[PDB]
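Colleague: Input input-v9.pdb, format and content: PDB, C-alpha atoms (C1' of nucleotides).
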ATOM      1  CA  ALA A   1     -41.735 -15.450 -52.326
ATOM      2  CA  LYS A   2     -38.533 -16.025 -54.265
ATOM      3  CA  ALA A   3     -35.868 -18.575 -53.340
ATOM      4  CA  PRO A   4     -34.073 -17.468 -50.112
ATOM      5  CA  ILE A   5     -30.939 -15.326 -49.682
ATOM      6  CA  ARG A   6     -27.348 -16.706 -49.616
ATOM      7  CA  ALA A   7     -26.583 -14.947 -46.250
ATOM      8  CA  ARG A   8     -29.243 -13.833 -43.733
ATOM      9  CA  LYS A   9     -31.291 -10.638 -44.265
ATOM     10  CA  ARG A  10     -32.663 -10.840 -40.669
ATOM     11  CA  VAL A  11     -31.922 -11.653 -37.001
ATOM     12  CA  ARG A  12     -34.375 -12.873 -34.372
ATOM     13  CA  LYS A  13     -33.622 -10.517 -31.419
ATOM     14  CA  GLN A  14     -32.365  -6.891 -31.316
ATOM     15  CA  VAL A  15     -31.923  -6.089 -27.599
ATOM     16  CA  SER A  16     -29.015  -3.714 -28.561
ATOM     17  CA  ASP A  17     -27.177  -3.745 -25.209
ATOM     18  CA  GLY A  18     -25.457  -6.065 -22.711
ATOM     19  CA  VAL A  19     -22.393  -6.500 -20.482
ATOM     20  CA  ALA A  20     -19.261  -8.452 -21.272
ATOM     21  CA  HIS A  21     -18.196  -9.969 -17.956
ATOM     22  CA  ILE A  22     -14.612 -11.219 -17.889
ATOM     23  CA  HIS A  23     -13.132 -13.465 -15.226
ATOM     24  CA  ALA A  24      -9.435 -13.070 -16.005
ATOM     25  CA  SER A  25      -8.323 -15.938 -13.746
ATOM     26  CA  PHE A  26      -4.863 -16.943 -12.431
ATOM     27  CA  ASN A  27      -4.735 -19.959 -14.833
ATOM     28  CA  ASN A  28      -7.313 -18.885 -17.527
ATOM     29  CA  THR A  29      -9.629 -16.209 -18.893
ATOM     30  CA  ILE A  30     -13.384 -16.668 -19.341
ATOM     31  CA  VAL A  31     -15.556 -14.206 -21.270
ATOM     32  CA  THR A  32     -19.377 -14.226 -21.150
ATOM     33  CA  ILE A  33     -21.812 -11.671 -22.622
ATOM     34  CA  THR A  34     -24.946 -11.299 -20.513
ATOM     35  CA  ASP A  35     -28.112  -9.216 -20.964
ATOM     36  CA  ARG A  36     -28.420  -6.158 -18.656
ATOM     37  CA  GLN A  37     -30.197  -8.257 -15.916
ATOM     38  CA  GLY A  38     -27.213 -10.701 -15.833
ATOM     39  CA  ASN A  39     -28.773 -13.727 -17.543
ATOM     40  CA  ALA A  40     -25.923 -15.039 -19.706
ATOM     41  CA  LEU A  41     -26.579 -15.288 -23.456
ATOM     42  CA  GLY A  42     -23.342 -16.972 -24.597
ATOM     43  CA  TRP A  43     -19.733 -17.472 -23.530
ATOM     44  CA  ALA A  44     -16.295 -18.705 -24.610
ATOM     45  CA  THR A  45     -12.822 -19.193 -23.151
ATOM     46  CA  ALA A  46      -9.053 -19.078 -23.359
ATOM     47  CA  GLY A  47      -8.638 -22.784 -22.399
ATOM     48  CA  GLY A  48     -11.169 -24.176 -24.922
ATOM     49  CA  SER A  49      -9.038 -22.537 -27.701
ATOM     50  CA  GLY A  50      -6.536 -25.494 -27.532
ATOM     51  CA  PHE A  51      -4.651 -24.155 -24.433
ATOM     52  CA  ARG A  52      -3.800 -25.801 -21.058
ATOM     53  CA  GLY A  53      -3.251 -23.853 -17.760
ATOM     54  CA  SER A  54       0.225 -22.901 -19.039
ATOM     55  CA  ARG A  55      -1.013 -20.908 -22.134
ATOM     56  CA  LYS A  56      -4.735 -20.222 -21.413
ATOM     57  CA  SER A  57      -3.621 -17.763 -18.672
ATOM     58  CA  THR A  58      -2.111 -15.231 -21.182
ATOM     59  CA  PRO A  59      -3.597 -11.985 -22.628
ATOM     60  CA  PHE A  60      -3.203 -13.584 -26.133
ATOM     61  CA  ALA A  61      -5.395 -16.579 -25.147
ATOM     62  CA  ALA A  62      -7.815 -14.099 -23.510
ATOM     63  CA  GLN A  63      -7.755 -11.951 -26.731
ATOM     64  CA  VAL A  64      -9.176 -15.036 -28.543
TER
ATOM     65  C1'   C B   1      12.758  15.288  58.407
ATOM     66  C1'   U B   2      11.190  15.022  53.189
ATOM     67  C1'   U B   3      14.350  14.865  49.453
ATOM     68  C1'   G B   4      14.009   8.233  48.529
ATOM     69  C1'   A B   5       9.576   5.850  48.897
ATOM     70  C1'   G B   6       4.330   5.838  49.668
ATOM     71  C1'   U B   7      -1.130   7.935  49.073
ATOM     72  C1'   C B   8      -5.593  10.216  47.237
ATOM     73  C1'   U B   9      -7.815  14.013  44.690
ATOM     74  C1'   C B  10      -7.750  15.907  39.831
ATOM     75  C1'   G B  11      -6.291  16.768  34.169
ATOM     76  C1'   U B  12      -5.423  12.846  30.300
ATOM     77  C1'   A B  13      -3.538   9.572  25.978
ATOM     78  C1'   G B  14      -3.679   4.743  24.760
ATOM     79  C1'   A B  15      -3.920  -1.791  19.344
ATOM     80  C1'   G B  16      -3.095  -2.951  27.818
ATOM     81  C1'   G B  17      -6.406  -7.049  30.151
ATOM     82  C1'   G B  18     -10.997 -10.081  31.329
ATOM     83  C1'   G B  19     -16.224 -11.049  30.516
ATOM     84  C1'   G B  20     -20.126 -10.554  27.066
ATOM     85  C1'   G B  21     -22.212  -8.365  22.714
ATOM     86  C1'   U B  22     -21.809  -6.682  17.214
ATOM     87  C1'   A B  23     -21.427  -4.790  11.617
ATOM     88  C1'   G B  24     -20.072  -4.831   7.134
ATOM     89  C1'   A B  25     -17.018  -6.933   3.975
ATOM     90  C1'   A B  26     -14.422 -10.845   2.258
ATOM     91  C1'   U B  27     -11.921 -16.154   1.343
ATOM     92  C1'   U B  28     -15.285 -20.573   0.670
ATOM     93  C1'   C B  29     -19.404 -23.515  -0.831
ATOM     94  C1'   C B  30     -24.297 -25.068  -3.151
ATOM     95  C1'   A B  31     -28.790 -24.743  -6.019
ATOM     96  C1'   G B  32     -31.503 -22.918  -9.713
ATOM     97  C1'   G B  33     -32.670 -19.378 -13.774
ATOM     98  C1'   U B  34     -29.871 -17.685 -18.237
ATOM     99  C1'   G B  35     -26.352 -20.157 -20.915
ATOM    100  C1'   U B  36     -23.625 -24.302 -23.191
ATOM    101  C1'   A B  37     -18.988 -27.529 -22.780
ATOM    102  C1'   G B  38     -16.217 -26.233 -20.979
ATOM    103  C1'   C B  39     -13.842 -25.484 -15.853
ATOM    104  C1'   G B  40      -9.123 -26.101 -13.156
ATOM    105  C1'   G B  41      -3.157 -26.447 -12.553
ATOM    106  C1'   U B  42       2.351 -25.997 -13.292
ATOM    107  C1'   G B  43       8.501 -25.492 -14.468
ATOM    108  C1'   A B  44       5.355 -29.766 -17.187
ATOM    109  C1'   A B  45       0.925 -30.881 -16.381
ATOM    110  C1'   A B  46      -1.059 -34.770 -14.220
ATOM    111  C1'   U B  47      -3.725 -35.263 -10.026
ATOM    112  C1'   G B  48      -8.398 -32.441  -9.634
ATOM    113  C1'   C B  49     -13.629 -29.983 -11.483
ATOM    114  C1'   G B  50     -17.667 -31.053 -16.024
ATOM    115  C1'   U B  51     -21.034 -32.317 -19.969
ATOM    116  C1'   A B  52     -25.518 -37.019 -15.342
ATOM    117  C1'   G B  53     -25.854 -29.530 -17.046
ATOM    118  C1'   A B  54     -20.560 -27.308 -14.554
ATOM    119  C1'   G B  55     -17.115 -22.915 -15.059
ATOM    120  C1'   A B  56     -19.020 -17.850 -16.208
ATOM    121  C1'   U B  57     -23.018 -14.435 -15.417
ATOM    122  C1'   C B  58     -27.736 -13.058 -12.334
ATOM    123  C1'   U B  59     -30.657 -13.998  -8.279
ATOM    124  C1'   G B  60     -31.734 -17.134  -3.573
ATOM    125  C1'   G B  61     -29.417 -19.901   0.388
ATOM    126  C1'   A B  62     -25.264 -22.007   3.848
ATOM    127  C1'   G B  63     -20.674 -21.908   7.253
ATOM    128  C1'   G B  64     -16.550 -20.804  10.108
ATOM    129  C1'   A B  65     -12.369 -17.671  10.686
ATOM    130  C1'   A B  66     -10.325 -12.426  10.453
ATOM    131  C1'   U B  67     -10.471  -7.140  10.531
ATOM    132  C1'   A B  68      -7.976  -3.833   4.534
ATOM    133  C1'   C B  69      -7.374   1.578   4.746
ATOM    134  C1'   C B  70      -5.766   4.555   9.069
ATOM    135  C1'   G B  71      -0.207   3.864  10.687
ATOM    136  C1'   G B  72       3.732   7.033  13.094
ATOM    137  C1'   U B  73      11.226   4.246  15.371
ATOM    138  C1'   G B  74       3.575   6.241  17.338
ATOM    139  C1'   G B  75       0.549   4.553  21.678
ATOM    140  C1'   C B  76      -0.259   0.693  25.060
ATOM    141  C1'   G B  77       1.215  -4.323  27.822
ATOM    142  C1'   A B  78       3.674  -8.037  33.671
ATOM    143  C1'   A B  79       6.148 -10.430  29.917
ATOM    144  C1'   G B  80       4.271 -13.558  26.069
ATOM    145  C1'   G B  81       2.303  -9.731  23.261
TER
END
Once more with this new file: its structure as structure tokens, please.
Modeller:
Amino acid sequence: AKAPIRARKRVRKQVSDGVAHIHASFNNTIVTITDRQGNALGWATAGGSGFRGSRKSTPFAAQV
RNA sequence: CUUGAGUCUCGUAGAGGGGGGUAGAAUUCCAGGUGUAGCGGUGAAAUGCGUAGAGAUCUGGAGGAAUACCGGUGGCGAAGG
């Protein structure tokens, strides 16, 4: 063993495939990637990107 | 008398009515797994929902109300329908 790399050479799972489920809501948009059996692996939102109801509800907030 | 009106047979369309029964789907709501700090609401957000484990996604469970399409100036009703 040498001293370790500056950016990772490896990654701890490799399940390859999933589903992005989007709930594009009337006030927001919520995006969650889930494994193929529907157990959610991680998520993020429009509204948490510094937006209230009034801006989180847009395709640009959803894009983020 | 049969012509107005009345009567049965018989062909027949129908969201007509009353009584009871019913299927699938949905609006709603919860838990928990997975996940992790977000969710929700407008004109503005606040009010409201969370982090004490939500929202979202999967799976389990709960209630009460109503039938999208079809569909027509159509068909039916004593009218309200």
Colleague: Here is a test: counting all atoms listed in the file, which residue of B:70, B:39, B:76, B:65 is nearest to chain A?
Modeller: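 Looking only at the distances to chain A, the closest residue turns out to be B:39.
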Colleague: Can you list, as a list in words, the residues that the PyMOL selection byres ((chain A and resi 60) around 12) selects here?
Modeller: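 Evaluating the PyMOL selection byres ((chain A and resi 60) around 12) on this file yields residues 24, 28, 29, 45, 46, 47, 49, 51, 55, 56, 57, 58, 59, 61, 62, 63 and 64 of chain A.
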Colleague: Calculate how many Å separate atom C1' of residue 77 of chain B from atom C1' of residue 15 of chain B, rounding to one decimal.
Modeller: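 These atoms are spaced 10.2 Å apart.
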Colleague: With only C-alpha atoms (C1' of nucleotides) as the atoms that count, which of B:62, B:3, B:68, B:51 lies nearest to residue 25 of chain B?
Modeller: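 When distances to residue 25 of chain B are compared using only C-alpha atoms (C1' of nucleotides), the smallest one comes from B:68.
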Colleague: Counting all atoms listed in the file, collect the residues of chain B whose closest atom lies at most 7 Å from chain A, and write them out as a PyMOL selection string.
Modeller: chain B and resi 34-35+38+41-42+56-58
Colleague: Can you list what the PyMOL selection byres ((chain B and resi 66) around 10) grabs from this structure, as a list in words?
Modeller: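 So the PyMOL selection byres ((chain B and resi 66) around 10), applied here, picks out residues 26, 27, 65 and 67 of chain B.
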Colleague: Just the number, please: distance in Å from atom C1' of residue 49 of chain B to atom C1' of residue 28 of chain B, one decimal.
Modeller: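 Computing the Euclidean distance for atom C1' of residue 49 of chain B and atom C1' of residue 28 of chain B yields 15.5 Å.
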Colleague: What does the distance between atom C1' of residue 50 of chain B and atom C1' of residue 31 of chain B come to in Å, to one decimal place?
Modeller: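 Atom-to-atom, atom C1' of residue 50 of chain B to atom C1' of residue 31 of chain B, that is 16.2 Å.
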Colleague: I need the residue set behind the PyMOL selection byres ((chain B and resi 7-13) around 9) for this file; please write it as a PDB file with C-alpha atoms (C1' of nucleotides), in the frame of the given file.
Modeller:
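Saved result, part-v2.pdb, follows:
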ATOM      1  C1'   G B   6       4.330   5.838  49.668  1.00  0.00           C
ATOM      2  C1'   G B  14      -3.679   4.743  24.760  1.00  0.00           C
ATOM      3  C1'   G B  75       0.549   4.553  21.678  1.00  0.00           C
TER       4        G B  75
END
Colleague: Could you work out an axis-aligned box for segment 47-63 of chain B, taking every atom the file lists and adding 3 Å on each side, and report centre and edge lengths in Å to one decimal, as lines of an AutoDock Vina configuration file?
Modeller:
center_x = -17.7
center_y = -25.0
center_z = -6.4
size_x = 34.0
size_y = 30.0
size_z = 33.2
Colleague: Taking the structure I provided as the source, export segment 5-33 of chain A with N, CA, C and O atoms, as a CSV table (one decimal), in the first residue's frame.
Modeller:
chain,number,residue,atom,x,y,z
A,5,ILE,N,-5.5,7.7,-3.0
A,5,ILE,CA,-5.8,8.6,-4.1
A,5,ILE,C,-6.5,9.9,-3.6
A,5,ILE,O,-7.1,9.9,-2.6
A,6,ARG,N,-6.3,10.9,-4.5
A,6,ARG,CA,-6.9,12.2,-4.3
A,6,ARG,C,-8.4,12.3,-4.5
A,6,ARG,O,-9.1,13.1,-3.9
A,7,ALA,N,-9.0,11.5,-5.4
A,7,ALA,CA,-10.4,11.3,-5.7
A,7,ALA,C,-10.7,9.8,-5.9
A,7,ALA,O,-9.8,9.1,-6.4
A,8,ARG,N,-11.8,9.3,-5.4
A,8,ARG,CA,-12.0,7.8,-5.2
A,8,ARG,C,-11.8,7.0,-6.5
A,8,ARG,O,-12.2,7.5,-7.6
A,9,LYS,N,-11.2,5.8,-6.4
A,9,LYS,CA,-11.0,4.8,-7.3
A,9,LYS,C,-12.1,3.7,-7.3
A,9,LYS,O,-11.9,2.7,-8.1
A,10,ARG,N,-13.0,3.8,-6.4
A,10,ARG,CA,-14.0,2.8,-6.1
A,10,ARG,C,-15.2,3.3,-5.4
A,10,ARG,O,-15.3,4.5,-5.0
A,11,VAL,N,-16.3,2.5,-5.4
A,11,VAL,CA,-17.7,2.8,-5.1
A,11,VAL,C,-18.3,1.5,-4.6
A,11,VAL,O,-18.0,0.4,-5.1
A,12,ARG,N,-19.1,1.6,-3.5
A,12,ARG,CA,-19.4,0.5,-2.6
A,12,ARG,C,-20.6,-0.3,-3.0
A,12,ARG,O,-20.7,-1.5,-2.6
A,13,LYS,N,-21.5,0.2,-3.9
A,13,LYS,CA,-22.5,-0.6,-4.6
A,13,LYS,C,-22.4,-0.4,-6.1
A,13,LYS,O,-21.9,0.7,-6.5
A,14,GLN,N,-23.0,-1.2,-6.9
A,14,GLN,CA,-23.1,-1.1,-8.3
A,14,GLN,C,-24.3,-1.9,-8.8
A,14,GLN,O,-24.2,-2.7,-9.7
A,15,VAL,N,-25.5,-1.4,-8.4
A,15,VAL,CA,-26.8,-2.1,-8.7
A,15,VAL,C,-27.3,-1.7,-10.1
A,15,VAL,O,-28.3,-2.3,-10.5
A,16,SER,N,-26.6,-0.8,-10.7
A,16,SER,CA,-26.8,-0.4,-12.1
A,16,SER,C,-28.1,0.4,-12.4
A,16,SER,O,-28.0,1.3,-13.2
A,17,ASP,N,-29.2,0.0,-11.8
A,17,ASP,CA,-30.5,0.4,-12.3
A,17,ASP,C,-31.5,0.7,-11.2
A,17,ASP,O,-31.3,0.2,-10.1
A,18,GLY,N,-32.4,1.6,-11.5
A,18,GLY,CA,-33.4,2.2,-10.6
A,18,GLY,C,-34.5,2.9,-11.3
A,18,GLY,O,-34.5,2.9,-12.5
A,19,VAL,N,-35.4,3.6,-10.6
A,19,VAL,CA,-36.4,4.4,-11.1
A,19,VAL,C,-36.4,5.8,-10.3
A,19,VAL,O,-36.5,5.8,-9.1
A,20,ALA,N,-36.3,6.8,-11.1
A,20,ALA,CA,-36.6,8.2,-10.7
A,20,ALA,C,-38.1,8.4,-10.7
A,20,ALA,O,-38.7,8.4,-11.7
A,21,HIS,N,-38.6,8.5,-9.5
A,21,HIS,CA,-40.0,8.9,-9.3
A,21,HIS,C,-40.1,10.4,-8.9
A,21,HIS,O,-39.3,10.9,-8.1
A,22,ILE,N,-40.9,11.1,-9.7
A,22,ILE,CA,-41.1,12.5,-9.6
A,22,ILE,C,-42.6,12.7,-9.2
A,22,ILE,O,-43.5,12.2,-9.9
A,23,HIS,N,-42.8,13.5,-8.1
A,23,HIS,CA,-44.1,14.0,-7.7
A,23,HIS,C,-43.9,15.5,-8.0
A,23,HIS,O,-43.5,16.3,-7.2
A,24,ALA,N,-44.4,15.9,-9.2
A,24,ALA,CA,-44.4,17.3,-9.7
A,24,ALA,C,-45.8,17.8,-9.2
A,24,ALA,O,-46.8,17.5,-9.8
A,25,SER,N,-45.7,18.5,-8.0
A,25,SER,CA,-46.9,18.9,-7.2
A,25,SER,C,-47.3,20.3,-7.6
A,25,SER,O,-46.6,21.0,-8.3
A,26,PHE,N,-48.5,20.7,-7.1
A,26,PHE,CA,-49.1,21.9,-7.5
A,26,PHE,C,-48.4,23.2,-7.0
A,26,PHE,O,-48.6,24.3,-7.5
A,27,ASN,N,-47.6,23.0,-5.9
A,27,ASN,CA,-46.8,24.0,-5.2
A,27,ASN,C,-45.3,23.7,-5.2
A,27,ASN,O,-44.6,24.5,-4.7
A,28,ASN,N,-44.9,22.5,-5.7
A,28,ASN,CA,-43.5,22.0,-5.6
A,28,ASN,C,-43.1,21.0,-6.7
A,28,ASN,O,-44.0,20.7,-7.5
A,29,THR,N,-41.9,20.5,-6.6
A,29,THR,CA,-41.6,19.2,-7.2
A,29,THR,C,-40.5,18.5,-6.4
A,29,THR,O,-39.6,19.1,-5.9
A,30,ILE,N,-40.7,17.2,-6.2
A,30,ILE,CA,-40.0,16.3,-5.4
A,30,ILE,C,-39.5,15.2,-6.3
A,30,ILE,O,-40.3,14.6,-7.0
A,31,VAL,N,-38.2,14.9,-6.2
A,31,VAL,CA,-37.5,13.9,-7.0
A,31,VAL,C,-36.8,12.9,-6.0
A,31,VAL,O,-36.0,13.4,-5.2
A,32,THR,N,-37.0,11.6,-6.3
A,32,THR,CA,-36.5,10.5,-5.4
A,32,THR,C,-36.1,9.5,-6.4
A,32,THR,O,-36.9,9.0,-7.2
A,33,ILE,N,-34.8,9.0,-6.3
A,33,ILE,CA,-34.4,7.7,-7.0
A,33,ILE,C,-34.6,6.6,-6.0
A,33,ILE,O,-34.2,6.7,-4.8
